[PDB]
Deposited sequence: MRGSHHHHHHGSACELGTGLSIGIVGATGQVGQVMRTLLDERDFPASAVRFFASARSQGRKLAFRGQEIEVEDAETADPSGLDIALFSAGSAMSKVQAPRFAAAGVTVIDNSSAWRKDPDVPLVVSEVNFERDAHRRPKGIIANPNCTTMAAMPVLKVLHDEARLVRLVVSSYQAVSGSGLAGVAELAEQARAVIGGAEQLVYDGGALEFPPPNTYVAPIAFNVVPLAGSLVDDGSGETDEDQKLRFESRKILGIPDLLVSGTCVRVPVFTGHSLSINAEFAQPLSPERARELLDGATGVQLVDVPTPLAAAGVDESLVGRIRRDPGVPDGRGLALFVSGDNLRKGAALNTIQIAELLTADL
């Protein structure tokens, strides 16, 4: 193709996964550029200059994959787009923009991706992303009308800081761990910094900032609503989500109660999902099995008897939050663009 691609925020975890994935698809080193801010990184038999995202000239680039935070994206994505670059942004900066498609590669690319008057395609929230290839298939069959979601979120979603917080707490208390059986305050945890409570040997039902709307929901709770709506193209979708942090390094999981407009049996759900792109049907999905692979793992599909006439399911999903949940999806979009 002779396609030219850039990565903005190349040294972060997501940036690293983007690089690994570009490599694992045998993409020429000669057609790749890296950017960060405030000097060389190896990529397939070559050392690549880490340019300055703010001041470097983006022209020549066909596609830029951003994973550099929202503040940077608000400024730099239009600058890159102005220079003729198609920007795929892994941040929240453009997700709520009605002129920016919010795209899961095998879900709404054809429907939404071609309409990008700002030159920007937004990459969805990782937690939402993991459920999308699963729900799309069920929605196409039976029409999805309501979601209840409880998540089990890995710390790598918080960048390196989440990883370090988990590792350092676990290392500090592992020696006396069994005392936590009788007294959760028995041990000396290094004080939390990123999270509102210790994460090692704990669960923490609080992810994100509390939205200033009187709801009691965090921005992460609400992403499950807003982004599912936009991605699935169901503007009035009913959603109640609870984001909960767990002591897992990589791999987000979701306990999903999904209601449809017509009956949908577990057997039929299994039959549809077994075929599906970006999906693997398993008995017991786990984040450890999901970490390092590409598909969303789905299983534990049951009828929810709280929905009349077999229109409700309970199902469980695990997916890698750095791969499909971030890096992989941007690259899959880039492939579909070219």
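- Judged by missing C-alpha atoms, the gaps in the deposited chain sequence fall at residues 1 to 17, 56 to 59, 360 to 362, listed in sequence order.
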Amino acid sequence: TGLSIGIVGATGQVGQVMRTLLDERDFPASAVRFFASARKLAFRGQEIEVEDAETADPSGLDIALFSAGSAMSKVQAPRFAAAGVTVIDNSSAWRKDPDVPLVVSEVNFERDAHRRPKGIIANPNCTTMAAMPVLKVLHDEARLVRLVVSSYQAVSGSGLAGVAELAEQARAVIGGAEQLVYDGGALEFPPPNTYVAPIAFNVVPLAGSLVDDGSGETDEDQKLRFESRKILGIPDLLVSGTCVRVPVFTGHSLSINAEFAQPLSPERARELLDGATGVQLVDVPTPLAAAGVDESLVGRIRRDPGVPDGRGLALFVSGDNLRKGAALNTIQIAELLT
From here on, numbers count along this sequence of modelled residues.
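- The mean Cα B-factor in the deposited entry runs higher for 50 to 58 than for the other of 50 to 58 and 290 to 298.
- The mean Cα B-factor in the deposited entry runs higher for 79 to 87 than for the other of 124 to 132 and 79 to 87.
- Of the residues listed, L206, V203, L166, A71, the entry assigns the biggest Cα temperature factor to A71.
- Taking the PDB entry at face value, the top CA B factor among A113, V248, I174, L180 belongs to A113.
- Split the chain's modelled residues into thirds by C-alpha temperature factor. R268 is in the middle one.
- In this PDB entry, the Cα temperature factor of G216 sits in the bottom third of its chain's modelled residues, the lowest group.
- Sort the modelled residues of the chain by CA B factor and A93 lands in the highest third.
- Among the modelled residues of its chain, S318 has a C-alpha B-factor that falls in the lowest third, as given in the PDB entry.
- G119 sits in the highest third of its chain by CA B factor, as recorded in the PDB entry.
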